[PDB]
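Shown next: work-v3.cif, given as mmCIF, C-alpha atoms and all ligand atoms.
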```cif
data_coords
loop_
_atom_site.label_atom_id
_atom_site.label_comp_id
_atom_site.auth_asym_id
_atom_site.auth_seq_id
_atom_site.Cartn_x
_atom_site.Cartn_y
_atom_site.Cartn_z
CA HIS W 4 0.15 -14.98 17.06
CA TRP W 5 2.53 -12.97 14.88
CA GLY W 6 2.19 -9.22 14.46
CA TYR W 7 4.16 -5.99 14.59
CA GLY W 8 4.46 -5.49 18.37
CA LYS W 9 7.58 -5.75 20.56
CA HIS W 10 6.69 -9.22 21.63
CA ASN W 11 5.44 -10.65 18.31
CA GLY W 12 7.07 -8.54 15.58
CA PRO W 13 9.41 -9.34 12.70
CA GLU W 14 12.36 -10.36 14.89
CA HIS W 15 10.21 -13.15 16.40
CA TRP W 16 8.66 -14.55 13.21
CA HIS W 17 11.43 -17.07 12.56
CA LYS W 18 10.34 -19.18 15.55
CA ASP W 19 7.06 -20.16 13.91
CA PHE W 20 8.23 -19.56 10.30
CA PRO W 21 11.88 -20.62 9.97
CA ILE W 22 11.93 -19.55 6.28
CA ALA W 23 12.14 -16.03 7.76
CA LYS W 24 15.93 -16.62 7.67
CA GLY W 25 15.81 -18.06 4.13
CA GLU W 26 17.73 -17.40 0.95
CA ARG W 27 15.21 -15.15 -0.84
CA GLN W 28 13.38 -13.11 1.78
CA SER W 29 11.68 -9.76 1.22
CA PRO W 30 11.73 -6.81 1.47
CA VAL W 31 15.28 -5.71 0.62
CA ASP W 32 17.17 -2.47 0.30
CA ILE W 33 17.50 -1.47 -3.37
CA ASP W 34 21.01 -0.12 -3.85
CA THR W 35 20.44 1.93 -7.00
CA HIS W 36 24.08 2.08 -8.00
CA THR W 37 24.51 -1.72 -7.81
CA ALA W 38 21.27 -2.63 -9.62
CA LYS W 39 22.05 -3.42 -13.23
CA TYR W 40 20.14 -2.35 -16.27
CA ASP W 41 18.90 -5.41 -18.10
CA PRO W 42 18.10 -4.58 -21.73
CA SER W 43 16.42 -7.99 -22.10
CA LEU W 44 13.59 -7.01 -19.72
CA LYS W 45 10.36 -6.10 -21.50
CA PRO W 46 7.98 -3.29 -20.75
CA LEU W 47 5.49 -4.07 -18.03
CA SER W 48 1.98 -4.70 -19.20
CA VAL W 49 -0.54 -3.62 -16.57
CA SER W 50 -4.05 -4.36 -17.87
CA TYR W 51 -6.58 -3.22 -15.30
CA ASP W 52 -9.41 -1.87 -17.50
CA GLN W 53 -11.71 -4.82 -16.65
CA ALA W 54 -10.85 -5.02 -12.94
CA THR W 55 -13.72 -6.00 -10.62
CA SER W 56 -13.16 -4.99 -7.04
CA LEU W 57 -15.48 -6.67 -4.55
CA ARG W 58 -14.74 -5.94 -0.91
CA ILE W 59 -12.36 -4.32 1.58
CA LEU W 60 -11.29 -6.27 4.68
CA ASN W 61 -9.39 -5.34 7.86
CA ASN W 62 -7.50 -8.59 8.51
CA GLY W 63 -5.75 -7.39 11.68
CA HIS W 64 -2.45 -6.68 9.88
CA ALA W 65 -3.50 -4.38 7.02
CA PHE W 66 -6.60 -3.84 4.90
CA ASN W 67 -7.04 -5.75 1.64
CA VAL W 68 -9.02 -4.49 -1.35
CA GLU W 69 -10.10 -7.77 -2.95
CA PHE W 70 -10.85 -8.48 -6.62
CA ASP W 71 -12.70 -11.11 -8.63
CA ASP W 72 -9.87 -13.36 -9.79
CA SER W 73 -12.04 -16.10 -11.34
CA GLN W 74 -11.31 -14.80 -14.89
CA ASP W 75 -8.52 -12.81 -16.56
CA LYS W 76 -9.96 -9.37 -15.69
CA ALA W 77 -7.00 -7.48 -14.23
CA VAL W 78 -3.66 -8.92 -15.20
CA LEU W 79 0.03 -8.21 -15.09
CA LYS W 80 2.38 -9.56 -17.76
CA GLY W 81 5.66 -8.70 -19.46
CA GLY W 82 8.70 -7.30 -17.73
CA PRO W 83 10.50 -10.18 -16.06
CA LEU W 84 7.38 -12.35 -16.14
CA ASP W 85 6.61 -15.45 -18.17
CA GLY W 86 2.86 -15.85 -18.57
CA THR W 87 -0.14 -14.12 -17.05
CA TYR W 88 -0.66 -13.04 -13.45
CA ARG W 89 -4.13 -12.18 -12.13
CA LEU W 90 -4.79 -9.46 -9.57
CA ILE W 91 -6.26 -10.86 -6.33
CA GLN W 92 -5.86 -7.99 -3.85
CA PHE W 93 -3.94 -4.90 -2.95
CA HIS W 94 -2.92 -3.57 0.47
CA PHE W 95 -0.49 -1.13 2.02
CA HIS W 96 2.19 -0.97 4.71
CA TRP W 97 2.64 2.33 6.54
CA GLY W 98 4.30 4.06 9.46
CA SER W 99 3.41 5.94 12.61
CA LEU W 100 5.48 8.90 11.21
CA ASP W 101 6.04 10.09 7.66
CA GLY W 102 9.72 9.08 7.84
CA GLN W 103 9.00 5.34 7.93
CA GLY W 104 6.47 2.84 6.66
CA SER W 105 7.81 1.30 3.48
CA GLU W 106 9.12 -2.26 3.37
CA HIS W 107 11.54 -1.87 0.47
CA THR W 108 14.04 0.95 0.84
CA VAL W 109 15.97 2.81 -1.90
CA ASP W 110 19.57 3.56 -0.95
CA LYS W 111 18.37 3.05 2.65
CA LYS W 112 15.59 5.66 2.22
CA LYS W 113 12.27 4.73 3.83
CA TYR W 114 9.08 6.06 2.29
CA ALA W 115 5.91 6.86 4.26
CA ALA W 116 4.10 3.80 2.92
CA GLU W 117 4.20 1.10 0.26
CA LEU W 118 1.38 -0.32 -1.90
CA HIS W 119 1.44 -4.01 -2.86
CA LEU W 120 -0.71 -5.16 -5.82
CA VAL W 121 -0.68 -8.95 -5.53
CA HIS W 122 -1.08 -11.20 -8.58
CA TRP W 123 -0.91 -14.99 -9.03
CA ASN W 124 0.34 -17.01 -11.99
CA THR W 125 -2.64 -18.47 -13.85
CA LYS W 127 -0.69 -21.60 -14.78
CA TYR W 128 -1.19 -22.75 -11.15
CA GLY W 129 -4.98 -22.45 -11.14
CA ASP W 130 -5.54 -20.90 -7.65
CA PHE W 131 -3.68 -18.54 -5.28
CA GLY W 132 -3.18 -21.32 -2.72
CA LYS W 133 -1.36 -23.49 -5.25
CA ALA W 134 0.57 -20.52 -6.66
CA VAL W 135 2.18 -19.63 -3.30
CA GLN W 136 3.78 -23.10 -3.28
CA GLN W 137 5.75 -22.30 -6.46
CA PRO W 138 8.92 -20.23 -6.91
CA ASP W 139 7.23 -18.22 -9.73
CA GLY W 140 3.75 -18.29 -8.23
CA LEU W 141 3.20 -14.58 -7.49
CA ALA W 142 4.07 -11.22 -8.97
CA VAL W 143 3.80 -8.27 -6.60
CA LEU W 144 3.86 -4.72 -7.96
CA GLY W 145 5.25 -2.45 -5.25
CA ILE W 146 4.70 1.31 -5.31
CA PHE W 147 6.15 3.78 -2.83
CA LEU W 148 4.06 6.53 -1.22
CA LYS W 149 5.46 9.90 -0.17
CA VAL W 150 3.50 12.63 1.62
CA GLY W 151 2.75 15.74 -0.43
CA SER W 152 -0.19 16.35 -2.74
CA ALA W 153 -3.28 14.17 -2.39
CA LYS W 154 -3.77 11.14 -4.63
CA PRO W 155 -7.31 11.59 -5.93
CA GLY W 156 -7.66 7.91 -6.86
CA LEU W 157 -6.92 6.88 -3.26
CA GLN W 158 -9.70 8.90 -1.65
CA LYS W 159 -12.45 6.28 -2.13
CA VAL W 160 -10.26 3.85 -0.15
CA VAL W 161 -9.60 6.40 2.59
CA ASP W 162 -13.24 7.19 3.04
CA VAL W 163 -14.38 3.60 3.61
CA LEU W 164 -11.80 2.98 6.37
CA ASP W 165 -14.15 4.21 9.13
CA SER W 166 -16.40 1.25 8.33
CA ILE W 167 -13.64 -1.34 8.75
CA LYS W 168 -11.88 0.11 11.78
CA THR W 169 -11.27 -3.17 13.57
CA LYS W 170 -10.00 -6.64 12.78
CA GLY W 171 -12.46 -8.87 10.99
CA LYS W 172 -14.66 -6.07 9.62
CA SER W 173 -15.35 -5.95 5.89
CA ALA W 174 -17.37 -3.72 3.60
CA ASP W 175 -18.64 -3.88 0.06
CA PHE W 176 -16.13 -2.16 -2.24
CA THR W 177 -17.22 -2.47 -5.84
CA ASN W 178 -16.23 -0.47 -8.92
CA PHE W 179 -12.86 0.70 -7.61
CA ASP W 180 -10.32 1.37 -10.35
CA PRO W 181 -6.75 0.51 -9.29
CA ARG W 182 -5.36 2.44 -12.30
CA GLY W 183 -5.84 5.53 -10.12
CA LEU W 184 -3.05 4.33 -7.78
CA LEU W 185 -0.29 4.10 -10.43
CA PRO W 186 2.45 6.71 -11.05
CA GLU W 187 3.16 8.04 -14.56
CA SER W 188 6.23 5.90 -15.24
CA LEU W 189 6.40 2.10 -15.14
CA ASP W 190 10.22 2.04 -14.78
CA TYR W 191 11.04 -0.64 -12.21
CA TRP W 192 13.49 -2.79 -10.32
CA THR W 193 12.94 -6.55 -10.08
CA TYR W 194 14.29 -9.43 -8.02
CA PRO W 195 13.13 -12.85 -6.69
CA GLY W 196 11.78 -12.76 -3.13
CA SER W 197 9.04 -13.68 -0.72
CA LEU W 198 5.82 -12.72 0.94
CA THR W 199 6.61 -10.04 3.54
CA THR W 200 4.11 -11.46 6.07
CA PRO W 201 3.93 -15.00 7.51
CA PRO W 202 4.05 -17.59 6.04
CA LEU W 203 6.92 -15.71 4.26
CA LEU W 204 6.82 -18.13 1.32
CA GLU W 205 9.53 -17.70 -1.34
CA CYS W 206 7.14 -17.46 -4.26
CA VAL W 207 7.29 -13.81 -5.42
CA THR W 208 8.75 -12.00 -8.43
CA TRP W 209 8.96 -8.47 -7.06
CA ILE W 210 8.47 -5.52 -9.43
CA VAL W 211 9.12 -2.28 -7.54
CA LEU W 212 8.35 0.96 -9.38
CA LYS W 213 10.95 3.71 -9.25
CA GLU W 214 8.50 6.60 -9.27
CA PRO W 215 6.54 7.08 -6.04
CA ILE W 216 3.01 8.31 -5.81
CA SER W 217 2.18 11.30 -3.61
CA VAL W 218 -0.58 11.12 -1.02
CA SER W 219 -1.64 13.88 1.37
CA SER W 220 -0.95 14.06 5.09
CA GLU W 221 -4.70 13.76 5.66
CA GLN W 222 -4.89 10.55 3.62
CA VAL W 223 -2.09 8.80 5.55
CA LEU W 224 -3.51 10.09 8.87
CA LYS W 225 -6.67 8.14 8.07
CA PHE W 226 -4.67 4.93 7.54
CA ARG W 227 -3.26 5.51 11.05
CA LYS W 228 -6.76 5.56 12.62
CA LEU W 229 -7.32 1.89 11.79
CA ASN W 230 -6.98 -0.69 14.57
CA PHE W 231 -5.05 -3.98 14.81
CA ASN W 232 -7.53 -5.18 17.48
CA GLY W 233 -11.07 -6.44 17.13
CA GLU W 234 -14.13 -4.52 18.25
CA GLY W 235 -14.54 -4.52 22.03
CA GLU W 236 -10.83 -5.02 22.61
CA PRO W 237 -8.26 -2.47 23.81
CA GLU W 238 -7.40 -0.04 21.01
CA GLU W 239 -4.08 -0.59 19.28
CA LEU W 240 -3.57 1.70 16.30
CA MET W 241 -2.65 -0.06 13.05
CA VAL W 242 0.68 1.67 12.38
CA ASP W 243 4.18 0.43 11.61
CA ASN W 244 2.89 -2.71 9.89
CA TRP W 245 6.10 -3.10 7.85
CA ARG W 246 8.84 -5.71 7.84
CA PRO W 247 12.36 -4.21 7.64
CA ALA W 248 14.84 -4.97 4.86
CA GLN W 249 16.28 -8.51 4.82
CA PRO W 250 19.68 -9.73 3.60
CA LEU W 251 20.04 -9.77 -0.17
CA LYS W 252 22.15 -12.94 -0.11
CA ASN W 253 22.73 -14.53 -3.54
CA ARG W 254 20.50 -12.15 -5.54
CA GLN W 255 20.90 -9.44 -8.11
CA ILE W 256 18.40 -6.64 -8.50
CA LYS W 257 17.77 -5.72 -12.17
CA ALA W 258 16.63 -2.36 -13.50
CA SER W 259 14.30 -1.86 -16.47
CA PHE W 260 15.80 1.58 -17.18
CA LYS W 261 19.14 3.30 -17.55
ZN ZN V 1 2.48 -6.33 1.48
#
```

Spit out the file's structure as C-alpha cells when you get a sec.
Amino acid sequence: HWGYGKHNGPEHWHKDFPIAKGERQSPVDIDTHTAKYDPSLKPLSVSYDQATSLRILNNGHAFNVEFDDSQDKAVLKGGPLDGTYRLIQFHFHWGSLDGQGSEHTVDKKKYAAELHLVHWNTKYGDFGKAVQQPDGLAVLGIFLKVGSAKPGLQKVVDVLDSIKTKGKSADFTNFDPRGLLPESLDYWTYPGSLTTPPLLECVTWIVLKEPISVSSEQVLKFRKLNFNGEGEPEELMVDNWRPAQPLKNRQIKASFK
C-alpha cells in the first residue's frame, strides 16, 4: 500500500494512481515573482464561529481533526471560490527536521510543516461526490515555521499520545480552528489536486502567505506519532509530505500586491 517510505513513497504512487503524472497535480512551488496579482479576486471569507469538531483520527498517514459537515457550520467562501465550501477535516504534513515538511514551497523554501483545512463544495451534496468534480474541494493551506508556540495548537498536541498508532481515534469536541490562522488572509491560489492517493484533480488551492509559528516542542510531539498500528514495529510518522510537482499549464494568482 502507498506511503512515504523508500519502497512505497511519492515516486511509486503513479503505478497505482496514474493521475500522479497528470496536468494539475499538487503541491507546487510558488514562485513569488511569477505569481500575478489578480485584482478581481475577492477577500477570503473564513466563517468558523459555529464549527463543531468531533474526533481526531490517526489514519496511518497523518492525523485528521474531523468536523460535523452535515450543516453549514464552518464554511469557506469568497476569494477565487464560487459558492460555499464546508469544512470536513484538517490535518498536517511535517518533517523529520525543521528544514523540511511542507508540501508547497515558496521560492523553493520548505517550511517545517503545512496545515490543510479541507472543505467541500455544497453544490455536490457529499465529500465523495465533490472529489469527482474539478471544483469539488477548497483546501486552505497554512505554513508552519518553528519559533514561538501557537497557543491554539496545544490542545491538538496534547491529545496525540492517545492516538499514537494507525487506526486509533479519540473524542475531540469543542476545538476552535480559528486558533490556527495567521493574522493576514493574503493568499496565492491555483487549481490542483489532493496531495495523497487517489490524487484526484478536484482542488482549488488557497495558500496563505503568512506562516504561523509553532514551538520546537509542539513539532517534536507530531514526530512521536507512528505510521504503524499497535503491536507492529515502530515507524515514526515523519516526512509525510509529497514534494512539489510540475506546474504545467497553470498560473498562480496572488490576492495581494
Ligand atoms: Zn494534506

How many Å separate CA of residue 91 (chain W) from CA of residue 148 (chain W)? 20.9 Å

Please provide as a VMD selection string all residues within 10 Å of residue 183 (chain W), with the sequence filter that same-chain residues fewer than 6 positions apart are discarded (counting only C-alpha atoms). chain W and resid 154 to 158

Give me the residues within 8 Å of region 163-168 of chain W as number ranges by chain, counting all atoms listed in the file and dropping any in the same chain fewer than 2 places off. W: 59-61, 159-161, 170-174, 225-226, 228-230

Next, dump the selected residues to file, keeping only C-alpha atoms, as a PDB file, in the coordinates of the input.
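Saved the output as result_11.pdb:
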```
ATOM      1  CA  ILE W  59     -12.360  -4.320   1.580  1.00  0.00           C
ATOM      2  CA  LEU W  60     -11.290  -6.270   4.680  1.00  0.00           C
ATOM      3  CA  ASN W  61      -9.390  -5.340   7.860  1.00  0.00           C
ATOM      4  CA  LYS W 159     -12.450   6.280  -2.130  1.00  0.00           C
ATOM      5  CA  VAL W 160     -10.260   3.850  -0.150  1.00  0.00           C
ATOM      6  CA  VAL W 161      -9.600   6.400   2.590  1.00  0.00           C
ATOM      7  CA  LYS W 170     -10.000  -6.640  12.780  1.00  0.00           C
ATOM      8  CA  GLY W 171     -12.460  -8.870  10.990  1.00  0.00           C
ATOM      9  CA  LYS W 172     -14.660  -6.070   9.620  1.00  0.00           C
ATOM     10  CA  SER W 173     -15.350  -5.950   5.890  1.00  0.00           C
ATOM     11  CA  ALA W 174     -17.370  -3.720   3.600  1.00  0.00           C
ATOM     12  CA  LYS W 225      -6.670   8.140   8.070  1.00  0.00           C
ATOM     13  CA  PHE W 226      -4.670   4.930   7.540  1.00  0.00           C
ATOM     14  CA  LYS W 228      -6.760   5.560  12.620  1.00  0.00           C
ATOM     15  CA  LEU W 229      -7.320   1.890  11.790  1.00  0.00           C
ATOM     16  CA  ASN W 230      -6.980  -0.690  14.570  1.00  0.00           C
TER      17      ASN W 230
END
```

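You can rank W:104, W:42, W:233, W:215 by their closest distance to ligand ZN 1 (chain V) using all atoms listed in the file, and at the top of that list sits W:104.
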
Residues within 9 Å of residue 50 (chain W), please, as a ChimeraX atom specification. Count only C-alpha atoms; anything in the same chain fewer than 3 positions from it doesn't count. /W:53-54,76-80,182

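By chain and then residue number, the residues within 7 Å of region 246-258 of chain W are residues 13, 26, 28, 29, 30, 31, 32, 38, 39, 40, 41, 106, 107, 191, 192, 193, 194 and 199 of chain W, counting all atoms listed in the file and disregarding those fewer than 4 positions away in sequence.
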
So that I can check the surroundings of residue 74 (chain W), please list as a ChimeraX atom specification every protein, DNA and RNA residue that reaches within 12 Å of it, counting only C-alpha atoms and ignoring chain neighbours fewer than 6 positions away. /W:53-55,87-91,123,125,129-130

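Shortest atom-to-atom contact with residue 112 (chain W) among W:189, W:33, W:47, W:184: W:33, counting all atoms listed in the file.
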
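For the set W:22, W:135, W:203, W:185, the residue with the smallest atom-to-atom gap to ligand ZN 1 (chain V) is W:203, counting only C-alpha atoms and all ligand atoms.
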
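Here CA of residue 93 (chain W) is placed at a distance of 5.6 Å from CA of residue 67 (chain W).
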
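The coordinates place CA of residue 176 (chain W) at 24.9 Å from CA of residue 105 (chain W).
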
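Closest to ligand ZN 1 (chain V) among W:117, W:239, W:162, W:175 is W:117, based on all atoms listed in the file.
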
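Remark: for ligand ZN 1 (chain V), the closest of the candidate residues W:65, W:134, W:241, W:23 is W:65 (distances computed over only C-alpha atoms and all ligand atoms).
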
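Take the candidates W:99, W:73, W:11, W:200 and check each one against ligand ZN 1 (chain V) using all atoms listed in the file; the shortest distance goes to W:200.
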
Would you place a box with edges along x, y and z of the file around all atoms of region 94-101 of chain W listed there, add 4 Å to each of its six sides, and report the centre and edge lengths in Å to one decimal, as JSON?
```
{"center_x": 1.6, "center_y": 3.3, "center_z": 6.5, "size_x": 17.0, "size_y": 21.7, "size_z": 20.1}
```
